[PDB]
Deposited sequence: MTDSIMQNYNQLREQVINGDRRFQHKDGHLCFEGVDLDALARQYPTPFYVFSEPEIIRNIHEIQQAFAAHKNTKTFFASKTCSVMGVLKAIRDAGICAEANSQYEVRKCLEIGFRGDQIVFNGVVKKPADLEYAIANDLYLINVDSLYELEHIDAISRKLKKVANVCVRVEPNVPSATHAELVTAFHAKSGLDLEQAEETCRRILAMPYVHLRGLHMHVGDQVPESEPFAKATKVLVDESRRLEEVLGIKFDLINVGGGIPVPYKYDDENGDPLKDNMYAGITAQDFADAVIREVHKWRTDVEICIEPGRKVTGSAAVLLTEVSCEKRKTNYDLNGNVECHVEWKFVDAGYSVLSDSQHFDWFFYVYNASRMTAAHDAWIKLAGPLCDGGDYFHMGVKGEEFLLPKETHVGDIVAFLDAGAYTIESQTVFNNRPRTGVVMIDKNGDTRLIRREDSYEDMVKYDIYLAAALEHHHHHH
């Protein structure tokens, strides 16, 4: 325990000393030079702040990782974060976009990605979705089922417009637990049929291994399956594929003290780098072709490390358990923040760990065990992914009005919010390349929330 506390304050000092994102000023956590205590006095909490410089650094990591293969194309999985200002930053950094719904395709087109910079994935692509995608000449539509393929044939014919497709294959219980992709056994006939379709153009095969995968071997195994079948089909069908699409899954470090962690038992430890992901993928593709295009679809890695959730300590209490004779059994120091699981979904629903610190007292020892609660009704709306069990460490002097920061809060955190208890979804602030801040998403207002309803005011 004392060791756990000691280790946590070693990590705290690494944040403000040797982290490319963070500094401190006046004892306050700073992000790209921006004082986060002061920022949280200018915008109402809770809100997220994103760093454009850190997104750029992440994208460079990915792109540098694939230097051994010139013919690589990188599509940001916009399901990770599709706030328009974030997408615009990713476009400016020079990569492309991946989309999982009609409205995702549309927003990518709106913000400036060309059709030939967009890949459309999904297990459900209704005819209206497919018609929209085909009419906008998307780079790829990644076909997930034979039923969807029938619609692509019929709609491409209606539009007299070529649909460019990959066939998604499940490289692997995966009949019972994997809803996506075709069985490998079905790729050959599926491809044979596409070749014969006048307006469907087979570009390659697709797979996606998973999310936050903390080892290289699954990527290597699955890529080899895809590569072996691509090679075989080239011979059997007498074709040359343009590409292979190996998906996403590059992990992000959510716990940084790798010496104390096992990525195979706790995948908050990232286990591998973008370079290890590239090495595994490229090695398997080059056993087939060095010239073929490799498409990748990273999501999490582009934005995960590039935002902080800022939330104000809004209440406090001590709760005491007594035996049946009025004698203290134990005290619990509860701190309440104005963000709960409706603001940070994965902390609750997917047992996700984020570093928690007192951004107003970043240079103070984090030396008191506390429990950290949200504002929702749910008895379960408190943060259970603690430093030790369900307990967090904050400075003993923590006060109502301090600002708490959750780090590594940029992946899958904005669109997954709700208005449970009619608490609004949060504003979002962006730090640009010059270190200046601006609001890029408003907090939901009272009006915004009732406007969807149809009713007579009393």
Ranges of the deposited sequence (numbered from 1) for which no C-alpha atom is modelled: 1, 174-182, 469-477
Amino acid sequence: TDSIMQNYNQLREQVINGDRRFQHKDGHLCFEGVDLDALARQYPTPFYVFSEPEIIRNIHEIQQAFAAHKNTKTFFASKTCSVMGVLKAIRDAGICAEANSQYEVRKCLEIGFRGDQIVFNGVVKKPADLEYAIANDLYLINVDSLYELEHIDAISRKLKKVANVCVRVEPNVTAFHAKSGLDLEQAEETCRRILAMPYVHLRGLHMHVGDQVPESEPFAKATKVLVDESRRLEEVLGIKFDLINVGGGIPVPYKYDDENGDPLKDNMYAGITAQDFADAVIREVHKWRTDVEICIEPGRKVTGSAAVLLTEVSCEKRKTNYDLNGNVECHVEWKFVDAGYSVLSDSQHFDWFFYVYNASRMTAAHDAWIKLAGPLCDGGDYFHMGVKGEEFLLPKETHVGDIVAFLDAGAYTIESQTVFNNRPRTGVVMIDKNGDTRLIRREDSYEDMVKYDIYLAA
From here on, numbers count along this sequence of modelled residues.
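Basically, rigid core = biggest C-alpha set you can superpose within 1.5 Å across the two forms.
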Which of the two stretches, 108-116 or 326-334, moves more in 4 other deposited structures of this protein when the core is held fixed, judged by C-alpha RMS distance? 326-334
State which stretch is farther from the displayed form on average in 4 other deposited structures of this protein, 317-325 or 189-197, counting RMS CA distance after fitting on the rigid core. 317-325
Using only the Cα atoms and their B-factors as the entry lists them, report which of 406-414 and 386-394 averages higher. 386-394
Comparing average C-alpha B factors as deposited, tell me which of 256-264 and 288-296 sits higher. 256-264
Of the residues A365, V162, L309, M197, the one whose Cα carries the largest B-factor in the deposited record is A365
Going by the CA temperature factor in the entry, name the top one among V86, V173, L146, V213. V173
Could you tell me which third, lowest, middle or highest, the C-alpha B-factor of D448 occupies within its chain? middle
Can you tell me whether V169 has a C-alpha B-factor in the lowest, middle or highest third compared with the other modelled residues of the same chain? lowest
What third of the chain, by the recorded C-alpha B-factor, contains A178? highest
Would the CA B-factor of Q63 place it in the lowest, middle or highest third of its chain? highest
Among the modelled residues of this chain, does the Cα B factor of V246 put it in the lowest, middle or highest third? lowest
